[PDB]
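**Q** using only what follows, build the 3D model:
(9 chains, ligands or ions: 1)
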Amino acid sequence: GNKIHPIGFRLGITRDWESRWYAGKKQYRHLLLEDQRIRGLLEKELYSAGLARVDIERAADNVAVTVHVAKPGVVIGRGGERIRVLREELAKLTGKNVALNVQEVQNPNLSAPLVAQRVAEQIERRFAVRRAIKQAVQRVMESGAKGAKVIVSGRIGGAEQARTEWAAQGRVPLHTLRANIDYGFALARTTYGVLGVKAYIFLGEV
Amino acid sequence: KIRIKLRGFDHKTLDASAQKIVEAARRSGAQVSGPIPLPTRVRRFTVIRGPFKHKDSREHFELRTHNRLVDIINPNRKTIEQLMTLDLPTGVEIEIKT
Amino acid sequence: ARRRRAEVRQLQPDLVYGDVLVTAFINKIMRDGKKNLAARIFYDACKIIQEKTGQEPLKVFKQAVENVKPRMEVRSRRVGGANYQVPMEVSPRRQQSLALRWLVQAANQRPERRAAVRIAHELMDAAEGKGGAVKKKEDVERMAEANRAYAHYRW
Amino acid sequence: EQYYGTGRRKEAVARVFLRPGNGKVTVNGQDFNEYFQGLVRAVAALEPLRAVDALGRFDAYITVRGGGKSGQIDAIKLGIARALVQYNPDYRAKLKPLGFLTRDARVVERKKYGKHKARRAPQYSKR
Amino acid sequence: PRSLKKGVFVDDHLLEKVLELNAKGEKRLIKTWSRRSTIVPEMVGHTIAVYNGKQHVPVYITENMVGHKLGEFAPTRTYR
Amino acid sequence: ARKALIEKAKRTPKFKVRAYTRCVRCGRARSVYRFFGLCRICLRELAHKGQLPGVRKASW
Amino acid sequence: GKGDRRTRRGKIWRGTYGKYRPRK
Amino acid sequence: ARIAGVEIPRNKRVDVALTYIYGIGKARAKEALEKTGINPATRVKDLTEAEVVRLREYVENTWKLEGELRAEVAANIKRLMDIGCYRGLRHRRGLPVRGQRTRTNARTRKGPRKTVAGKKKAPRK
RNA sequence: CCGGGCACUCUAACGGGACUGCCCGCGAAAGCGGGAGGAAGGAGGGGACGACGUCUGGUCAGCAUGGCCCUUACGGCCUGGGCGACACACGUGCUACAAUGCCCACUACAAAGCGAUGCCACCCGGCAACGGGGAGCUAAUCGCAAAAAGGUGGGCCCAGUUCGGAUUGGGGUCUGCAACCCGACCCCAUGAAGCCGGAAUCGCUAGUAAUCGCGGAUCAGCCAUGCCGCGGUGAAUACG
Ligand SMILES: [Zn+2]
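**A** Numbers count the residues shown, from 1 in each chain, chains lettered A, B, ... in the order given. See the structure here:
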C-alpha cells in the first residue's frame, strides 16, 4: 500500500484544483460543504451525460459551476429544458444564486474518469475484465496519449479470491513530478461486491 | 489615500490582480506605492496517512494565504473609474479602506 | 564507516592560546553544548595553574597530555574459541582522544568541590607523573605487555 | 567615508559599518564588550580585522538582529569580513584563505515525523 | 483541597423534595440519581438512598458528613 | 457513525457542553478538524482530489 | 527542578504564573 | 534555640532552621522572620535572646505546629474514614486518594512491589 | 518617537549561479585525485516522492460494499455507573538523585505560529490562581510573549541538603447544568523513593547527538510528561 494520488501530488503544477476560490476562518468550512452538496447531485444525476469534472469558481453570492461532459446534450436537455430543472434544483440547495455552464469533453477517450467509468460499467454488466481492460488501454492509447494504464481491483469474474488486473502502454511516469497524468477512479457495485477501477492517462509532459 | 489589501491563495492570481490595479490607476491619481508584498500566513494540517493505527504515517498539507497592499494616495475620480469595475481574477478577494 | 575513511573534523584554535588541542580538551569538558561554562572552567583552571605553579599553564597542559597518552593498548579478538586480548600500538590520533578523555574523567573523579579546580589540579598531577589520569594510562600499558604472548595475532 | 558588509549565520543578520577611526565597536548601541558581556567567543567577530592589521585603524557601527548572540558573533564576523573588502578589494587574497568570506550554511534540521528530533528515533524493547 | 466557588450546588430534585418533608418533620427514605449534589444541613437526619449506577444504597446523612457529596457515600466499583 | 448517533445536529444540547464536531461527510467524530468540518481522513482524501481550494501538499 | 510546582522553573515548565513566577 | 514543641534548629540560617519544625516551610520562614524583624541569614547560634523570644512567641502563637498539628491531620483522616466517605475508604484500603491510576505507579502509597505468579505468552510487554 | 528617506535588514515574486564548466595529474572511456575562482560543488544541506511483488499484513469501528444475523428488538431515548478498577508483569516516556548544581535578583539575543466574544495591552483588588475595569487588533502596524539555556551579583557548602518533588491534610480559583466516582490551576503545611541503576538493551555520523525554551492542531475545561513543528547553545568518534 504505497504511492500518492497522481493529482494531489501534482496540484502545484500540471493540474489545477476543482474549486478555486478564496475564503477563510468563519466561512471556508461552510463555503466548502456547499461545493460537496453541489457535486453531490450532479454526479447523482448527470451520470449518463458522462461526468468528468466539476469546476466551481466564486466571488460572492454568484457561484460558477462548469460541469464537463462527454454528451453535453443529455445535460442541457430539449432546447435547454433540463438545464432549467437542474439550474433551479441548484438554488433549492444554495440560495446563493449560481450559474451552470457546460463544456464538452474533446474525446472522452483521454478522460481518466471516463475511461474508468467506462470500464467500471462494463464490469457491472458482466464483461470479461481483462478484455475490457486491454480494450480500454487500447482506445486511450489508440487516440492520442503518450501513455495509459488501467487497474481493476479484485473478485474478478466474481471469483472467491480477490485478484488484481493490469494493462499498460507507453510512458506513464508516476514519479516524474511534471508528467501530467490524468487519474480517474470508478467504483462498481456488484452482486458479489465492490470492485474499484483505476485509469491513468499520460499526455505530453513539460 | 485609498488603501487596498489583496489576499489570495495563488501567488499569481494576485501579482496579476494587484498589478492590474497598479497600471490602471497610474493614469488618474498619484503614482501608487507599488504592490508591496506582505508576509504569508501558512496553515499546516498534519494527518495520519491511513485509518486505524500506523501512528507514524502522516503526510503534510498546508493552506498558505498571500497578501498584497499597493496604496493609492491622491484619489481622483478617474482612478475610481479605471478600477471601480474592471477586475478579472476569481481566486482573489479584496478589502479596501480609503 | 564502510566506504570512506572518515576524515578528522578539524577544530578552530583556542580563543586565547590559538591552540587547537586546547579546544579539543575544552570540548571534552563541555556537556549539553554549554561550551561557555566549558571554556571558562578550562581558563579559570589555567589561572589556577599560574598561581599554585610558577609555570605557564599551556606548557603544564601539553606536558600532562604527554604523560597520559598510552603507547600500547589491548584490543579484544576472537581467535579459535576464546577471546584473546591482543596488545598493539595506538594511533597518534587515538592517543590524544584517550589522553584528553582520561584527564577530564579523572579530573571529575577528584574531590575538590570546584570543577575548575579539579581540572587545574589534575593537569598538574598529570605533569608530575601522578594522578588518576596517568593511572589508567599506565594500567593500559600494563594490561598489554602482560598479554604480550598473544601479540603474534598482530592484527 | 564609510564601508558596508552584511553577514548572515545560522539565521542572524549583522549590518557592519566600518569607518576610519579609533577601533571601537558599537553593537546595537552597547559597546562590543557590553553586548557580548562575558562570552569567551566574542573575540572571534573581529578576527577578520586582525587578519589585515585593522581594528586600531578602523571603527565599526553594527546592527544585529536574529538568532542568538553566538550566531550574531559569526554574522558580525562575516560582516566585518565583507565590508573590509568594499574598502580595499585586495584584502580577499588573505582574508579568503581563512574562509572568513564564506557563509556557514549550517542551519537547524527540520523535525521529521515519526522521529523525536529529526533523527533521534524512538526506542524499542524486546523487538 | 476541593472547590466549587460561590454557590454550593445541589440538584433540586431531592432538595425541594427533602425540605418538603421538613414540613411534616422527616419521612422514611428517598432515592435520587443526583449523586452530583452537595449536602446541606436540611439533609441531616434524613436517609437518602444514592445510585451505584446499578443500586440504590441507603445513606444516613449525619452532621459530620455535610459538606460532602452523597456519591462519596455510595461506592461505584466492586473490588477484592 | 450511526444515523441514530448523528443527533449532534440536534442543537438541543440541553446544555451547550454536550455539543460535538462530527465529520460533515462520514461522521468521523474522532478527529474532526474545525477549519474544514472534515475528519483527518476525508481532509486527506479531498486534498488529493483538489476539492480543497488552495490546500496543496506541504514540504520543507 | 522542572518538577517543583512552587519555583521559577516549576512554573515555567507547567506554563503558568503565581507567587513564584509573577507576570512582572 | 529551642522554639516550638521540642524544636531545636541550630547552627544554620534561621529561616532554613525554622524549616526543621513540623508546620514550618520555606514560606512561613521568611514571614516569621519578616514580621519579627530578624535577619534571616543570621546563624541560629549568632541569634539574640531578644530575637529568640519574639520568634519563639510570634511563631508558637500564630500557627498550629508540631504534635498538635499531627493531631489535627490524624484527626481529619480519622473522620472521612469513619463516615462512609469514599476518600476515607481509600485511606483504609491504603490506596491513593486523589484519584490517580492504581494499575501501575502507586508504589509511594502501596509500598514495595508484591510480585505474584502470572501469565507469560500473552505479550504483556 | 517627528518630518523625511528607501539605502540596509527584512517581506514575497522573479531572475542569475554549479556543469567536473576552467587548470595540473592518471585513465581507452566513464571517472578518481589535486588546485583556482566562488556563498556554495562534484548528488552543497533537509523534504515531497517508494518499482514488479511479499506478509491469506491492518482496518467491515471512518466511510464504501457481497454474504450471514437482529427487528418490541443485537434498534432508539434517558439518568447514573463503566472505559479512570488492582496482588502483580512489560513497553514508551516525564522528573530526578545534584556544586559543569539548586535558589533569588538584575540584565541580553529567536523562530515559527495562533487571535470575535477571540488574543488580551494598561490600571485596580488578591501572596496567588484569578476577579473588576478597560485600550488597541479584524492582526508585518494591537495581543498571546516571558524565550529558556545565557551574562552579572548574592545566597547554599556536600548534607538526603536551599538536592529531589511523590504522597497526604487544609484553603481557594476557573471552565462547565454539573468536577464523589473522575478536571486543571493557585497558596500553606507535608516532603516519600531516589546518592546514578543486575542480566540484558535503545538512539544518533554535524548543526547531528546532547541540552534549553517557544508555538500549534484537538479543544468549555483537561489529566500534553504525548504528537506535529520552531529556533537557541553545540560535541565525541569512526582503525576498520
Ligand atoms: Zn470524514
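
**Q** tell me which residues touch residue C:39, please.
**A** C:15, C:26, D:40-41 (Cβ atoms under 8 Å, 6 or more residues apart in numbering or on different chains). For the C-beta atoms, the positions are set from N, CA and C on the backbone; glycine is no exception.

**Q** which SS class is it?
**A** Recorded secondary structure, residue C:39: helix (DSSP: H, G, I helix; E, B strand; the rest coil).

**Q** repeat for residue A:200
**A** Relying on three-state DSSP, one would call residue A:200 strand.

**Q** which residue packs closest to it, ignoring adjacent ones?
**A** Ranked by Cβ to Cβ, 6 or more residues apart in numbering or on different chains and with sequence neighbours excluded, the top spatial neighbour of residue A:200 is residue A:149, at 4.3 Å.

**Q** report how many residues lie close to that neighbour.
**A** By other Cβ atoms under 10 Å in any protein chain shown, the residues close to residue A:149 number 23.

**Q** give me every residue that touches residue A:84.
**A** With the criterion set at Cβ under 8 Å, 6+ apart, residue A:84 makes contact with residue A:77.

**Q** surely it is in a helix?
**A** Yes. Assessed by three-state DSSP, residue A:84 belongs to a helix.

**Q** hmm, back to that, tell me the helix or strand right after the one helix or strand the residue nearest to residue A:200 maps to.
**A** Assigned by DSSP states H and E, residue A:149 belongs to strand A:147-152. Counting by DSSP H and E, the element after strand A:147-152 in chain order, helix or strand, is strand A:168-169.

**Q** pull the distance from that following strand to the chain's centre.
**A** Centroid separation for strand A:168-169 versus its chain: 20 Å, with Cα atoms, centre = their mean, to the nearest Å.

**Q** stretch H:106-121 too?
**A** That offset, for stretch H:106-121, works out to 28 Å (Cα atoms, centre = their mean).

**Q** whether it contacts RNA strand I - can you check?
**A** Yes. Applying Cβ under 7 Å from any atom of the strand, one finds stretch H:106-121 touching RNA strand I at H:106, H:108-111, H:113-116, H:118.

**Q** where does the closest residue to chain A within chain F sit: helix, strand or coil?
**A** Of all residues in chain F, residue F:48 sits closest to chain A, at 3.3 Å by Cβ to the nearest Cβ. Assigned by three-state DSSP, the conformation of residue F:48 is helix.

**Q** ok, it to chain B distance?
**A** 10 Å (Cβ to the nearest Cβ, to the nearest Å).

**Q** from memory that residue sits against residue A:4, does it?
**A** Yes. Using Cβ atoms under 8 Å, residue F:48 is in contact with residue A:4, at 7.3 Å.

**Q** out of those two, which sits in the busier spot?
**A** Comparing residue F:48 with residue A:4 by other Cβ under 10 Å, the one with more neighbours is residue F:48, at 21 against 13.

**Q** not counting sequence-adjacent ones, nearest residue to residue 24?
**A** I'll assume chain A. residue B:65 (7.3 Å).

**Q** hmm, I had chain F in mind actually
**A** residue F:37 (3.7 Å).

**Q** is the helix ranked longest in chain A positioned near RNA strand I?
**A** If you go by DSSP state H, chain A has its longest helix at helix A:28-45. No. Using Cβ under 7 Å from any atom of the strand, helix A:28-45 stays clear of RNA strand I, coming no nearer than 9.8 Å.

**Q** name the helices or strands packed onto that helix?
**A** Here helix A:28-45 touches strand A:51-55, helix A:82-91, going by 3 or more Cβ pairs under 8 Å, 6 or more residues apart in numbering or on different chains; DSSP states H and E.
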